[PDB]
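Presented as structure tokens, the chain that follows is alone, the form deposited in one PDB entry.
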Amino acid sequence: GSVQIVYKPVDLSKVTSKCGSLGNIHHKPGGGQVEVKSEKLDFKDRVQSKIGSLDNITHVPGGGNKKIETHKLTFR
């Protein structure tokens, strides 16, 4: 029999921010040591290993609000 589909997700939404000032920031970690000891590493299928990483990060966006759009349609 007949089939009808109407995917109509209308979107008028908004995200907003106001900030009089952003500053006087002091990211001062006291150093750091990372040590990793291992033997054979033997990975085989779709492994996403991270080993021994040390990160210092200072992220100060004026906004920091998020928009990404993914649209997908499949027919058989």
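Only residues modelled in both forms are compared. Residues carry their position along the shown sequence, with the first being 1. Just so we're on the same page, rigid core means the largest C-alpha set that superposes within 1.5 Å between forms.
Keep in mind that the form deposited in another entry is not shown, yet the notes after this line are about it.
Large C-alpha shift between the shown form and the other one, rigid core held fixed: of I57, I68, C19, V60, this applies to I68 alone, with a displacement of 2 Å or more. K28 is not among the residues whose C-alpha shifts by 2 Å or more between the shown form and the other one once the rigid core is aligned; its shift stays under 2 Å. Listed in sequence order, the runs of 3 or more residues present in both forms whose C-alphas shift by at least 2 angstroms between the shown form and the other one, with the core superposed, are 40 to 50, 67 to 75.
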